[PDB]
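Asks: I would like to see how this sequence folds:
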Amino acid sequence: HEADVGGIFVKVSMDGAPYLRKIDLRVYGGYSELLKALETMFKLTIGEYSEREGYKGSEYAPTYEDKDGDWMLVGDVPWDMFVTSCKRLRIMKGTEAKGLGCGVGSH
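Replies: Residues are numbered from 1 along each chain as shown. The relevant structure is shown in the block below.
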């Protein structure tokens with residue numbers, strides 16, 4: 001089933017430091033490459049969605065915009081629902097992610 005690859009484009013920005021990247025939701029076909037891509041983006045290692053806080057990200061919390069317009073860290077919804085609902089993409093340092101770390105999440 002490869003007819004939905006590269007269609008919904010996501011726009012990604014960095015906070016505290018200037019960066020301009022852009023990617024597509026479908027091109028990962030799963031969470032593995034999703035997480036791996038982030039590690040690729042800024043050439044470092046993103047912490048996974050630890051089910052306890054899932055917003056820590058170590059130093060970077062990858063966040064997305066859902067249909068409600070709320071920004072959470074990836075790993076909240078499962079891929080199948082996730083891809084069709086994510087609108088925007090923002091990954092940024094934990095010092096800022098701590099702001100949207102809804103209910104004990106980041107730093």
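
Asks: stretch 53-70: which residues count as buried?
Replies: Across stretch 53-70, burial judged by 16 or more other Cβ atoms under 10 Å covers 53-57, 59-66. The way it works is simple: take the backbone N, C-alpha and C, and place the C-beta from them, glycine included.

Asks: endpoints of it, how far apart?
Replies: 17 Å (Cα to Cα, to the nearest Å).

Asks: what's that stretch in contact with?
Replies: Contact partners of stretch 53-70, identified using Cβ atoms under 8 Å, 6 or more residues apart in numbering, comprise 10, 35, 38, 42, 44-47, 50, 71-77, 85-94, 97, 100-102, 104-107.

Asks: returning to that earlier point: so which pair among the buried residues of stretch 53-70 is furthest apart in space?
Replies: Using Cβ to Cβ, the buried residues of stretch 53-70 span at most 23.4 Å, a distance reached by 59 and 66.

Asks: contacts only, for residue 10.
Replies: Taking Cβ under 8 Å, 6+ apart, we find residue 10 in contact with 22-25, 64, 86-89.

Asks: try residue 49
Replies: 73-76.

Asks: turn these into a markdown table, including secondary structure and neighbour count.
Replies: Listed next are the contacts of residue 49 as a markdown table, based on DSSP: H, G, I helix; E, B strand; the rest coil; neighbours: other Cβ atoms under 10 Å:
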| residue | secondary structure | neighbour count |
| --- | --- | --- |
| 73 | strand | 27 |
| 74 | coil | 23 |
| 75 | coil | 17 |
| 76 | coil | 15 |
